[PDB]
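Student: Hey, dropping start.tsv in here, TSV, C-alpha atoms and all ligand atoms:
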chain	number	residue	atom	x	y	z
M	1	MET	CA	0.00	0.00	0.00
M	2	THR	CA	1.38	3.39	1.09
M	3	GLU	CA	3.92	4.02	3.85
M	4	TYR	CA	4.31	7.27	5.78
M	5	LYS	CA	7.44	8.49	7.58
M	6	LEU	CA	6.24	10.61	10.51
M	7	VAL	CA	8.77	12.38	12.75
M	8	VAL	CA	7.92	13.54	16.28
M	9	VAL	CA	10.07	16.49	17.35
M	10	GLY	CA	10.09	18.80	20.34
M	11	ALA	CA	11.83	19.63	23.59
M	12	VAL	CA	12.69	17.10	26.29
M	13	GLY	CA	9.96	16.03	28.69
M	14	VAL	CA	7.04	17.24	26.56
M	15	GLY	CA	5.55	13.76	26.13
M	16	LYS	CA	6.80	12.49	22.76
M	17	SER	CA	7.40	8.95	24.01
M	18	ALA	CA	4.06	8.73	25.82
M	19	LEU	CA	2.26	10.00	22.72
M	20	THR	CA	3.72	7.33	20.44
M	21	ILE	CA	3.25	4.42	22.84
M	22	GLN	CA	-0.37	5.47	23.45
M	23	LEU	CA	-1.12	5.29	19.72
M	24	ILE	CA	0.52	1.88	19.27
M	25	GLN	CA	0.17	-0.06	22.54
M	26	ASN	CA	-2.97	1.80	23.76
M	27	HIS	CA	-1.25	2.30	27.10
M	28	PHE	CA	0.16	5.19	29.12
M	29	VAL	CA	3.79	4.66	30.16
M	30	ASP	CA	4.26	6.73	33.31
M	31	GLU	CA	8.04	6.97	32.98
M	32	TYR	CA	10.22	6.34	29.93
M	33	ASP	CA	13.94	6.71	29.38
M	34	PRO	CA	14.60	10.24	28.04
M	35	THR	CA	17.41	9.03	25.74
M	36	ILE	CA	15.90	6.09	23.82
M	37	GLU	CA	15.23	6.90	20.16
M	38	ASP	CA	13.40	4.20	18.22
M	39	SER	CA	11.16	3.81	15.18
M	40	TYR	CA	7.85	1.95	15.37
M	41	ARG	CA	5.45	0.67	12.72
M	42	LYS	CA	1.65	0.61	12.93
M	43	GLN	CA	-1.13	-0.51	10.59
M	44	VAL	CA	-4.21	1.71	10.83
M	45	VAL	CA	-7.09	2.55	8.49
M	46	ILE	CA	-7.67	6.24	7.72
M	47	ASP	CA	-11.07	7.24	6.26
M	48	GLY	CA	-11.52	3.78	4.73
M	49	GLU	CA	-8.06	2.87	3.39
M	50	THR	CA	-5.47	0.89	5.32
M	51	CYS	CA	-1.91	2.20	5.50
M	52	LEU	CA	1.42	1.66	7.23
M	53	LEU	CA	2.88	4.35	9.50
M	54	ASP	CA	6.62	4.56	10.18
M	55	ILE	CA	6.91	6.81	13.24
M	56	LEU	CA	10.23	7.97	14.69
M	57	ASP	CA	10.32	9.11	18.33
M	58	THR	CA	13.39	11.33	18.42
M	59	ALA	CA	15.52	11.62	21.56
M	60	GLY	CA	19.04	12.68	22.48
M	61	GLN	CA	19.20	15.67	20.16
M	62	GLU	CA	22.62	16.90	21.33
M	63	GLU	CA	24.50	14.09	19.54
M	64	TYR	CA	24.66	13.46	15.80
M	65	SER	CA	22.97	10.29	14.55
M	66	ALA	CA	22.70	8.67	11.13
M	67	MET	CA	19.16	7.26	11.36
M	68	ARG	CA	17.79	10.58	12.65
M	69	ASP	CA	19.50	12.55	9.88
M	70	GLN	CA	18.11	10.25	7.18
M	71	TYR	CA	14.66	10.33	8.80
M	72	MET	CA	14.64	14.14	8.90
M	73	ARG	CA	15.59	14.42	5.22
M	74	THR	CA	13.04	11.86	4.01
M	75	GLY	CA	10.34	12.63	6.59
M	76	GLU	CA	6.93	13.23	5.04
M	77	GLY	CA	5.16	14.58	8.13
M	78	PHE	CA	6.32	16.25	11.33
M	79	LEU	CA	4.71	16.37	14.76
M	80	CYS	CA	5.86	19.45	16.70
M	81	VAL	CA	4.89	18.64	20.28
M	82	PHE	CA	5.15	21.01	23.23
M	83	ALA	CA	3.91	21.04	26.82
M	84	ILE	CA	1.29	23.60	27.86
M	85	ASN	CA	2.91	24.00	31.29
M	86	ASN	CA	6.38	24.93	30.01
M	87	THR	CA	6.98	28.23	28.22
M	88	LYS	CA	10.53	27.33	27.16
M	89	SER	CA	9.30	24.29	25.23
M	90	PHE	CA	6.82	26.44	23.30
M	91	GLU	CA	9.54	28.92	22.35
M	92	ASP	CA	11.67	26.02	21.11
M	93	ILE	CA	9.05	25.19	18.45
M	94	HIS	CA	10.46	27.88	16.16
M	95	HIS	CA	13.97	26.45	16.55
M	96	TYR	CA	12.84	23.00	15.41
M	97	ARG	CA	10.75	24.45	12.56
M	98	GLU	CA	13.62	26.41	11.02
M	99	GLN	CA	15.95	23.40	11.25
M	100	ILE	CA	13.35	21.23	9.50
M	101	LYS	CA	12.80	23.99	6.93
M	102	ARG	CA	16.51	24.10	6.08
M	103	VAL	CA	16.91	20.31	6.19
M	104	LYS	CA	13.94	19.71	3.88
M	105	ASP	CA	14.74	22.87	1.85
M	106	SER	CA	11.09	23.80	1.32
M	107	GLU	CA	8.53	26.34	2.50
M	108	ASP	CA	5.44	24.08	2.64
M	109	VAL	CA	5.90	20.91	4.70
M	110	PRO	CA	3.08	18.72	6.10
M	111	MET	CA	3.08	19.64	9.78
M	112	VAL	CA	0.74	19.43	12.77
M	113	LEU	CA	1.25	21.38	16.00
M	114	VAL	CA	0.55	19.38	19.16
M	115	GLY	CA	0.04	20.63	22.71
M	116	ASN	CA	0.50	17.85	25.25
M	117	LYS	CA	-0.56	17.45	28.89
M	118	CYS	CA	-4.13	18.67	28.46
M	119	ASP	CA	-5.21	17.07	31.75
M	120	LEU	CA	-2.90	19.23	33.89
M	121	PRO	CA	-4.90	22.28	35.07
M	122	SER	CA	-1.78	24.37	35.83
M	123	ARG	CA	-1.82	25.67	32.27
M	124	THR	CA	0.83	28.25	31.36
M	125	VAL	CA	0.30	28.53	27.58
M	126	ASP	CA	-3.16	29.62	26.44
M	127	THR	CA	-4.98	28.27	23.40
M	128	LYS	CA	-5.07	31.69	21.72
M	129	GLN	CA	-1.27	31.98	21.64
M	130	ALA	CA	-0.85	28.43	20.34
M	131	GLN	CA	-3.58	28.97	17.74
M	132	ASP	CA	-2.01	32.27	16.66
M	133	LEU	CA	1.32	30.53	16.04
M	134	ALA	CA	-0.42	27.73	14.11
M	135	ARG	CA	-2.37	30.20	11.97
M	136	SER	CA	0.80	32.14	11.14
M	137	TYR	CA	2.52	28.88	10.15
M	138	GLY	CA	-0.65	27.68	8.42
M	139	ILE	CA	-0.61	24.29	10.16
M	140	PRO	CA	-3.43	22.64	12.14
M	141	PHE	CA	-3.24	22.78	15.93
M	142	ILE	CA	-4.55	20.06	18.25
M	143	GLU	CA	-4.64	19.49	22.00
M	144	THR	CA	-3.56	16.11	23.35
M	145	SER	CA	-3.22	14.35	26.70
M	146	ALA	CA	-1.36	11.04	26.77
M	147	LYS	CA	-2.69	10.35	30.28
M	148	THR	CA	-6.38	10.26	29.29
M	149	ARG	CA	-6.02	9.36	25.58
M	150	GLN	CA	-7.57	12.75	24.78
M	151	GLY	CA	-7.06	13.43	21.08
M	152	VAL	CA	-4.17	11.00	20.63
M	153	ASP	CA	-5.64	9.31	17.55
M	154	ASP	CA	-6.85	12.57	16.02
M	155	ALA	CA	-3.30	13.97	16.08
M	156	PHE	CA	-1.78	11.25	13.90
M	157	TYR	CA	-4.81	10.87	11.62
M	158	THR	CA	-4.85	14.61	10.92
M	159	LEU	CA	-1.16	14.53	9.98
M	160	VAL	CA	-1.77	11.74	7.46
M	161	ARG	CA	-4.73	13.67	6.04
M	162	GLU	CA	-2.37	16.64	5.74
M	163	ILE	CA	0.15	14.62	3.72
M	164	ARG	CA	-2.52	13.56	1.21
M	165	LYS	CA	-3.63	17.17	0.66
I	163	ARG	CA	10.62	-0.16	51.91
I	164	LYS	CA	11.73	-3.02	49.67
I	165	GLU	CA	10.29	-1.26	46.62
I	166	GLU	CA	12.01	2.03	47.46
I	167	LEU	CA	15.36	0.22	47.63
I	168	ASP	CA	14.82	-1.18	44.13
I	169	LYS	CA	14.07	2.28	42.71
I	170	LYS	CA	17.45	3.42	44.06
I	171	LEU	CA	19.21	0.52	42.31
I	172	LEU	CA	17.69	1.38	38.93
I	173	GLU	CA	18.81	5.01	39.19
I	174	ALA	CA	22.31	4.04	40.35
I	175	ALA	CA	22.77	1.69	37.39
I	176	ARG	CA	21.54	4.34	34.94
I	177	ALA	CA	23.71	7.07	36.48
I	178	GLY	CA	26.80	4.83	36.50
I	179	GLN	CA	27.74	4.80	40.19
I	180	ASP	CA	29.86	1.70	40.82
I	181	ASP	CA	30.03	2.17	44.60
I	182	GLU	CA	26.28	2.78	44.89
I	183	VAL	CA	25.33	-0.37	42.97
I	184	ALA	CA	27.59	-2.62	45.06
I	185	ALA	CA	26.25	-1.19	48.32
I	186	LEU	CA	22.60	-1.70	47.34
I	187	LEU	CA	23.30	-5.17	45.93
I	188	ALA	CA	24.59	-6.45	49.28
I	189	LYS	CA	21.69	-4.68	51.03
I	190	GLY	CA	19.12	-6.99	49.41
I	191	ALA	CA	18.07	-5.06	46.30
I	192	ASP	CA	16.53	-7.17	43.53
I	193	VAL	CA	18.50	-7.43	40.28
I	194	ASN	CA	15.23	-8.33	38.52
I	195	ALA	CA	13.39	-5.16	39.59
I	196	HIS	CA	11.83	-3.18	36.75
I	197	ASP	CA	10.02	0.09	36.13
I	198	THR	CA	6.70	0.60	34.33
I	199	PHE	CA	7.91	-0.36	30.85
I	200	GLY	CA	10.08	-3.19	32.16
I	201	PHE	CA	13.64	-1.89	32.13
I	202	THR	CA	15.75	-3.93	34.54
I	203	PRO	CA	19.12	-2.69	35.86
I	204	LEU	CA	20.77	-4.75	33.11
I	205	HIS	CA	18.65	-2.92	30.53
I	206	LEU	CA	19.82	0.50	31.73
I	207	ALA	CA	23.47	-0.41	32.34
I	208	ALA	CA	23.80	-1.85	28.83
I	209	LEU	CA	21.98	1.13	27.31
I	210	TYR	CA	24.07	3.91	28.85
I	211	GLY	CA	27.41	2.20	28.28
I	212	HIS	CA	28.67	1.05	31.71
I	213	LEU	CA	30.73	-2.15	31.53
I	214	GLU	CA	31.56	-2.96	35.16
I	215	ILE	CA	27.94	-2.50	36.24
I	216	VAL	CA	26.87	-5.02	33.60
I	217	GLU	CA	29.50	-7.50	34.80
I	218	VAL	CA	28.55	-7.07	38.46
I	219	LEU	CA	24.83	-7.45	37.74
I	220	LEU	CA	25.39	-10.58	35.64
I	221	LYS	CA	27.38	-12.33	38.37
I	222	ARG	CA	24.74	-11.53	40.99
I	223	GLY	CA	22.07	-13.27	38.92
I	224	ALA	CA	20.41	-10.73	36.64
I	225	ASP	CA	18.45	-12.38	33.84
I	226	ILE	CA	20.24	-11.96	30.53
I	227	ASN	CA	17.22	-12.55	28.25
I	228	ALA	CA	14.69	-10.35	30.04
I	229	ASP	CA	12.48	-8.19	27.83
I	230	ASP	CA	10.56	-4.97	28.33
I	231	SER	CA	7.00	-4.14	27.28
I	232	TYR	CA	8.08	-4.07	23.62
I	233	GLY	CA	9.97	-7.37	23.84
I	234	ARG	CA	13.50	-5.96	23.63
I	235	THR	CA	16.38	-7.73	25.39
I	236	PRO	CA	19.53	-6.09	26.79
I	237	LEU	CA	21.29	-7.15	23.59
I	238	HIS	CA	18.83	-4.99	21.64
I	239	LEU	CA	19.60	-1.78	23.55
I	240	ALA	CA	23.37	-2.29	23.42
I	241	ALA	CA	23.21	-2.98	19.67
I	242	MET	CA	21.10	0.10	18.88
I	243	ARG	CA	23.60	2.32	20.71
I	244	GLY	CA	26.89	1.02	19.29
I	245	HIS	CA	28.48	-0.44	22.42
I	246	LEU	CA	30.97	-2.95	21.03
I	247	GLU	CA	32.44	-3.87	24.41
I	248	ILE	CA	29.06	-4.52	26.03
I	249	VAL	CA	27.61	-6.67	23.23
I	250	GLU	CA	30.58	-9.04	23.22
I	251	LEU	CA	30.34	-9.41	27.00
I	252	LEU	CA	26.61	-10.15	26.68
I	253	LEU	CA	27.28	-12.80	24.03
I	254	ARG	CA	30.05	-14.31	26.18
I	255	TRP	CA	27.52	-15.07	28.94
I	256	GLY	CA	25.10	-16.88	26.64
I	257	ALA	CA	22.52	-14.38	25.40
I	258	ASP	CA	20.01	-14.96	22.62
I	259	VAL	CA	21.19	-13.52	19.29
I	260	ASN	CA	17.99	-14.26	17.33
I	261	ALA	CA	15.46	-12.69	19.69
I	262	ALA	CA	12.56	-10.69	18.29
I	263	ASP	CA	10.45	-7.80	19.57
I	264	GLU	CA	6.77	-7.08	19.02
I	265	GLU	CA	7.67	-6.00	15.47
I	266	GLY	CA	9.73	-9.17	14.99
I	267	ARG	CA	13.07	-7.35	14.76
I	268	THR	CA	16.45	-9.00	15.41
I	269	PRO	CA	19.42	-7.19	17.01
I	270	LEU	CA	20.95	-7.45	13.54
I	271	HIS	CA	18.00	-5.47	12.14
I	272	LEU	CA	18.39	-2.67	14.68
I	273	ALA	CA	22.16	-2.31	14.32
I	274	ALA	CA	21.99	-2.43	10.52
I	275	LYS	CA	19.34	0.30	10.36
I	276	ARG	CA	21.22	2.70	12.65
I	277	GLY	CA	24.48	2.11	10.80
I	278	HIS	CA	26.98	0.49	13.21
I	279	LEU	CA	29.05	-1.79	10.97
I	280	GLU	CA	31.41	-3.16	13.63
I	281	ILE	CA	28.44	-4.28	15.74
I	282	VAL	CA	27.03	-6.07	12.68
I	283	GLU	CA	30.25	-7.99	12.07
I	284	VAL	CA	30.24	-9.38	15.62
I	285	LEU	CA	26.62	-10.56	15.41
I	286	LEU	CA	27.31	-12.25	12.06
I	287	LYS	CA	30.26	-14.09	13.63
I	288	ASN	CA	28.11	-15.56	16.43
I	289	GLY	CA	25.48	-17.02	14.10
I	290	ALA	CA	22.85	-14.39	13.32
I	291	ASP	CA	20.29	-15.53	10.75
I	292	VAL	CA	20.69	-13.04	7.91
I	293	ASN	CA	17.63	-14.48	6.16
I	294	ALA	CA	15.31	-13.30	8.95
I	295	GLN	CA	12.08	-11.43	8.23
I	296	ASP	CA	10.11	-9.24	10.62
I	297	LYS	CA	6.33	-9.17	10.93
I	298	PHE	CA	6.23	-6.56	8.13
I	299	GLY	CA	8.42	-8.57	5.75
I	300	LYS	CA	11.88	-7.01	5.61
I	301	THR	CA	15.40	-8.40	5.74
I	302	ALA	CA	18.68	-6.83	6.80
I	303	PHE	CA	19.61	-6.81	3.11
I	304	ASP	CA	16.46	-4.81	2.32
I	305	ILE	CA	17.55	-2.24	4.93
I	306	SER	CA	20.88	-1.77	3.15
I	307	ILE	CA	19.15	-1.22	-0.20
I	308	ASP	CA	16.60	1.18	1.28
I	309	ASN	CA	19.16	3.20	3.25
I	310	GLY	CA	21.80	3.07	0.50
I	311	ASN	CA	24.49	1.44	2.66
I	312	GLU	CA	27.00	0.02	0.18
I	313	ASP	CA	29.42	-0.92	2.96
I	314	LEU	CA	26.68	-2.79	4.82
I	315	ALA	CA	25.57	-4.43	1.56
I	316	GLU	CA	29.09	-5.78	0.98
I	317	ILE	CA	29.17	-7.26	4.49
I	318	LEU	CA	25.66	-8.70	4.13
I	319	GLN	CA	26.35	-10.19	0.68
I	320	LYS	CA	29.65	-11.74	1.80
M	401	LIG	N1	-0.03	14.77	33.11
M	401	LIG	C1	0.55	14.35	31.97
M	401	LIG	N2	1.85	13.95	32.01
M	401	LIG	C2	2.48	13.53	30.90
M	401	LIG	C3	1.75	13.51	29.63
M	401	LIG	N3	2.61	13.05	28.70
M	401	LIG	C4	3.79	12.80	29.32
M	401	LIG	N4	3.71	13.09	30.63
M	401	LIG	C5	4.80	12.95	31.63
M	401	LIG	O1	6.00	13.56	31.16
M	401	LIG	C6	7.12	12.80	31.61
M	401	LIG	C7	8.22	12.79	30.56
M	401	LIG	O2	7.66	12.58	29.26
M	401	LIG	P1	8.49	11.75	28.17
M	401	LIG	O3	7.75	10.49	27.80
M	401	LIG	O4	9.87	11.41	28.68
M	401	LIG	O5	8.58	12.74	26.91
M	401	LIG	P2	9.92	12.80	26.03
M	401	LIG	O6	11.04	13.36	26.87
M	401	LIG	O7	9.71	13.71	24.84
M	401	LIG	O8	10.30	11.42	25.57
M	401	LIG	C8	6.61	11.39	31.88
M	401	LIG	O9	7.06	10.96	33.17
M	401	LIG	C9	5.10	11.49	31.87
M	401	LIG	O10	4.57	11.07	33.12
M	401	LIG	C10	0.34	13.95	29.66
M	401	LIG	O11	-0.35	13.96	28.62
M	401	LIG	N5	-0.17	14.35	30.83
M	402	MG	MG	11.38	9.96	24.70
Please lay out the structure from this file as structure tokens.
Ligand SMILES: Nc1nc2c(ncn2[C@@H]2O[C@H](COP(=O)(O)OP(=O)(O)O)[C@@H](O)[C@H]2O)c(=O)[nH]1
Ligand SMILES: [Mg+2]
Tutor:
Amino acid sequence: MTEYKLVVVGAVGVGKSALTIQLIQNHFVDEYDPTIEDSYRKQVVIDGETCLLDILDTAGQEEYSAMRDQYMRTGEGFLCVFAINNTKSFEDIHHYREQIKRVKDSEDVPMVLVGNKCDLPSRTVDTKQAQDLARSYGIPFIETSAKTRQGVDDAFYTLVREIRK
Amino acid sequence: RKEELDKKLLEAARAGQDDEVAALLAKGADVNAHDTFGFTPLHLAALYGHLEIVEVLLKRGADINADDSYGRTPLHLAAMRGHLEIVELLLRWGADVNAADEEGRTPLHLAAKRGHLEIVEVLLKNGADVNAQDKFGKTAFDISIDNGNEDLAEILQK
């Protein structure tokens, strides 16, 4: 059929590993090693057609890697996750975007902005600011919570629907 | 009390504190203690690159073929990182070379995809089935073609 290479990027501790395990194993991992980078494969059906997803959960960004570099170049979709209770993570989203822009060497790249930890009520980043950044970039914005499975499936499905368009 | 002691052992192995691990090991800490996913102290010591902690844990009785929630053994983590000293020590104590995770991937598959050629040569020496297919139907040779690894292709073909 068709295979998709989806890359999950963001700051450390934002919930990238919990997001990917929730999609695949339908389970919330309370604690995961912050340095393990691995690629997983899933078979899901989107709006009636089955497909294969090749998802990379990036980690350890301070050291050069060969698999990550190849994944970034050939990546078809990019999840830009950030935590809503950490302002520094949100500011880092621009840093990742410009690096992906120069790596891919393009102005229009299938991208979906993700805000994790929706269940924590100590919110520091408001929806208006996140939506304003998404509208300026032109990419859809979604709210997710790996603890309560809130919008986990809609995040990945929307990204695939963005690649098709 | 017993569970709190185990959580200290896992952190000491990950941090790489030789004195801390030995003290907790004689205190009654369990070598087979694991966190939520299933990482044992052998999983974390092999991952981060500590040799003496792996040797000490193995002699105490840590299970060499334990797997986490995704079915990955300590040989998997050491192969994906490029730890040539650790993998040979793990093979010397009788570890499974043809183990598979929930995606049916062999430590050869992981090392070949990341690009560690010296790790691949050791696994091929100790009898790693090159003609192994995962649950999605790929071989280590297919990885070399897809990733354009001519050096890996030469090793795989030979
Ligand atoms: N409350 C809450 N905590 C989360 C959520 N996602 C992740 N976490 C916590 O964030 C911590 C670190 O996340 P982690 O999986 O390491 O993200 P990573 O560093 O990008 O791999 C974990 O201990 C989780 O308990 C969420 O949706 N809600
Ligand atoms: Mg992670």
Student: For chain M, list the residues within 12 Å of chain I, counting only C-alpha atoms, and write the list as a PyMOL selection string.
Tutor: chain M and resi 3+17-18+21+24-25+27-43+52-54+60+63-71+73-74
Student: If you count only C-alpha atoms, which residues fall within 10 Å of residue 108 (chain M), apart from same-chain ones fewer than 4 positions away, as a list in words?
Tutor: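 Here the qualifying residues turn out to be residues 101, 104, 137, 138 and 139 of chain M.
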Student: Measure the distance from CA of residue 167 (chain I) to CA of residue 191 (chain I) in Å and round it to one decimal.
Tutor: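 Taking CA of residue 167 (chain I) and CA of residue 191 (chain I), their separation equals 6.1 Å.
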Student: So, with all atoms listed in the file as the atoms that count, which of M:1, M:130, M:11, M:111 lies closest to ligand LIG 401 (chain M)?
Tutor: M:11
Student: Which one is closest to ligand LIG 401 (chain M): M:133, M:7, M:19, M:46? Count only C-alpha atoms and all ligand atoms.
Tutor: M:19
Student: List the neighbours of residue 305 (chain I) out to 9 Å using all atoms listed in the file; skip same-chain residues closer than 4 positions along the sequence, and give me the result as an MDAnalysis selection string.
Tutor: chainID I and resid 271 274:275 300:301 309:311 315
